[PDB]
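Note sheet for the following structure.
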Amino acid sequence: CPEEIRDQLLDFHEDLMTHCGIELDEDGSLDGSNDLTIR
């Protein structure tokens with residue numbers, strides 16, 4: 001099977017949110033606070 005058992009690969013889709021683009025699209029995806037306690 002693929003890596004993700006659920007449907008496809010990751011987070012219900014890739015080329016959506018944070019991971020296909022990480023040069024600054026991750027940096028845009030990490031928008032504000034309240035993502036982790038290390039903030």
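All residue names refer to the structure tokens as shown: chains lettered A, B, ... in order, residues numbered from 1 in each chain, ligands numbered from 1 in order.
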Shell of 12 Å around range 26-31 of chain A, only C-alpha atoms, local chain residues under 5 positions omitted, as a list in words: residues 15, 16, 17, 18, 19, 20, 21, 36 and 39 of chain A
Point-to-point distance from CA of residue 25 in chain A to CA of residue 13 in chain A, Å rounded to tenths: 15.8 Å
Interatomic distance, CA of residue 38 in chain A to CA of residue 14 in chain A (Å, one decimal): 26.0 Å
Alpha helix (DSSP H) call set, DSSP backbone run, chain A, as a ChimeraX atom specification: /A:25-29
